[PDB]
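> need a structure here:
(one chain, ligands or ions: 3)
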Amino acid sequence: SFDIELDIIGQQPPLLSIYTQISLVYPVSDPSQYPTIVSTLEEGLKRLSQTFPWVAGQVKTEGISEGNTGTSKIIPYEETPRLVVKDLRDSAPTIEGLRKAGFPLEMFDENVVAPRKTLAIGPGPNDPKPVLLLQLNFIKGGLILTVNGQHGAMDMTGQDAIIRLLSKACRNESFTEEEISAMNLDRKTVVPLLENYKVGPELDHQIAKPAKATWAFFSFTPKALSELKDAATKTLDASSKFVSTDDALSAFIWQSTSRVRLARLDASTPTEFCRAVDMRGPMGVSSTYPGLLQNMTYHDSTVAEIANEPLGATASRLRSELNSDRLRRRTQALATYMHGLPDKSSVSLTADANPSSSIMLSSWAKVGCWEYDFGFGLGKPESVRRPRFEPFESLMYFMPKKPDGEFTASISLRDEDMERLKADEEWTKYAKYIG
Ligand SMILES: CC(C)(COP(=O)(O)OP(=O)(O)OC[C@H]1O[C@@H](n2cnc3c(N)ncnc32)[C@H](O)[C@@H]1OP(=O)(O)O)[C@@H](O)C(=O)NCCC(=O)NCCS
Ligand SMILES: [Ca+2]
Ligand SMILES: [Ca+2]
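Residues are numbered from 1 along each chain as shown. Ligands and ions are numbered 1, 2, ... in the order given. Take a look:
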């Protein structure tokens, strides 16, 4: 009953090996509630799958051979997205353990809380690759819900949209006309192909071609971010105009990471900042589109230049690449190039990134997960975290922005960079180490 080709941009072999994971933590007053929470989610899963069968599907890659990396599509699998129910109460994280340590990354082992791993290591192209998987974990005093999305099938914006709709389905609210439209948008049409196009310099950053490290959460108060944004605004351009909180925080991290790396790299070492960008707005596509519609902006400089310039100069680099005409062009050029490319081996969103000196950041600040209750009766989440996976130097995320305005960055860096950052006086003025 369905055969849905992925977004041409989602046909990148890296995206086809990745699951995006997100965990929502809730307190549970009484364990008598657990079976009720399970039943409520099961019924939302059915309700969502009845309106939108494909959410329950699987990703299949057809026509692989030497010279052809294949074409992927969503096909039937089970009747609902697979749900794992895991009782950790019988040593797992507890709600009180989580509260006292500040809901640290340490305590969100993907092996413990998630139904599948982020990276395609271990088992299991004849193994199932579901579009969406859920794990409901029982913990002492609480509940962790973890949601997995196959990355070629969805970016985190699209996963959040699906999760929002599962929450509606769980409290038996009908989907609007608008939401049905977005869920049903033709993925092939979403990025219009360019009529005449030959690949040139615009796709360089997306065409090419391990040291001891860890992961840590860092938190930024609304007040620290407000001061960061002001200090960027106070030192702007002035081609622009304005910078956002997200711009300033991204710039402060590039400067700060650059700064500490001056202890181990030449001043003139090239540094590339890669920053994820939701392409839904610029493409003229509904914000509720569930697919993969993302690109990155790229920023090349040198470690010493970035560390030693005003924050406004750094934030401006970032804001300047958000020109809508340019984002569209670059994205449509990518889509056109890939459409006509049988072997997509050299294509990657981080093709030219160097783990030693780059930064690869994805801001999930705008995702709405702090708002979903799922009819569970537990209120809104107490914590929204991205589970920990293997150390991956220079890879970074911002978590969905807490309703109070707090930001948290999930940061991976090699040990000496991590320890120099944590000890950095200017960094710790604004950033609190959670771990
Ligand atoms: C690129 C991106 C990170 C930037 O986020 P952002 O800066 O918060 O959002 P916008 O670019 O839309 O700007 C909105 C902000 O700019 C401000 N702003 C917008 N226009 C303005 C103007 N004309 N004058 C002054 N301020 C303005 C807003 O007040 C808001 O600022 P605030 O958050 O500091 O209060 C974000 O748009 C994005 O694409 N996020 C998703 C990344 C992604 O795909 N990751 C998922 C991985 S699968
Ligand atoms: Ca290149
Ligand atoms: Ca290059």
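
> Span of stretch 319-329 from start to end?
17 Å (CA to CA, to the nearest Å).

> what comes into contact with it?
202, 239-244, 247, 275, 277, 279, 281-283, 295, 297-299 (CB atoms under 8 Å, 6 or more residues apart in numbering). Yep, even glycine has a C-beta here, placed from its N, CA and C like the rest.

> Show me which of the residues you listed are buried.
243-244, 247, 275, 277, 279, 282-283, 295, 297-299 (16 or more other CB atoms under 10 Å).

> could these go into TSV alongside distance to ligand 1 and secondary structure?
Output for these, formatted as TSV (distance: CB to the nearest ligand atom, whole Å; DSSP: H, G, I helix; E, B strand; the rest coil):
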residue	distance to ligand 1	secondary structure
243	8	coil
244	3	coil
247	5	helix
275	6	strand
277	4	strand
279	8	coil
282	9	helix
283	12	helix
295	8	strand
297	8	strand
298	13	strand
299	12	strand
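
> hmm, which two among those residues are most spread apart?
243 and 283 (23.1 Å; CB to CB).

> And the most centrally placed residue in the chain, how close does it get to residue 412?
Central residue of the chain (CA atoms, centre = their mean): residue 156, 4.8 Å from the mean position. From residue 156 over to residue 412 the distance is 17 Å, taken as CB to CB, to the nearest Å.

> partners of the closest residue to ligand 1 within the stretch 1-150 of the chain in the sheet?
In the stretch 1-150 of the chain, the residue that lies nearest ligand 1 is residue 20 (6.0 Å; CB to the nearest ligand atom). On the basis of DSSP bridges, residue 20 is bridged to residue 149.

> count of residues packed around it?
Around residue 20 there are 21 other residues, counting by other CB atoms under 10 Å.

> before we move on, what about residue 350?
Counted with other CB under 10 Å, residue 350 comes out at 19.

> Could you pull up phi and psi at it?
Residue 350 adopts backbone torsions of phi -120, psi 30, taken as degrees, to the nearest 10.

> In contact with it, which residues?
14, 274, 296, 358, 360.

> Secondary structure and neighbour count added to the residues you listed, as TSV?
Output for the contacts of residue 350, formatted as TSV (DSSP: H, G, I helix; E, B strand; the rest coil; neighbours: other CB atoms under 10 Å):
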residue	secondary structure	neighbour count
14	coil	15
274	strand	23
296	strand	20
358	coil	23
360	strand	21
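
> I'd like the residues you listed as CSV, with distance to residue 339 appended.
Output for those, formatted as CSV (distance: CB to CB, whole Å):
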residue, distance to residue 339
14, 18
274, 23
296, 19
358, 28
360, 25
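
> Turn the residues you listed into a markdown table, including distance to ligand 2.
Shown next, in a markdown table, are the contacts of residue 350 (distance: CB to the ion, whole Å):
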| residue | distance to ligand 2 |
| --- | --- |
| 14 | 15 |
| 274 | 12 |
| 296 | 13 |
| 358 | 13 |
| 360 | 15 |
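
> farthest pair in those?
The widest separation within those (CB to CB) is 15.4 Å, between 14 and 358.

> What parts of the stretch 151-300 of the chain come near ligand 2?
204, 207-208 (CB under 5 Å from the ion).

> Quick one: buried ones out of those residues?
The buried subset of those (16+ other CB under 10 Å) is empty.

> Break down the stretch 151-300 of the chain into its strands, ranges please.
213-220, 270-278, 294-302 (DSSP state E, counting those that start in this stretch).

> With distance to residue 109 as extra columns, can I get these in a markdown table?
Output for the strands of the stretch 151-300 of the chain, formatted as a markdown table (distance: least, CB to CB, whole Å):
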| stretch | distance to residue 109 |
| --- | --- |
| strand 213-220 | 11 |
| strand 270-278 | 24 |
| strand 294-302 | 27 |
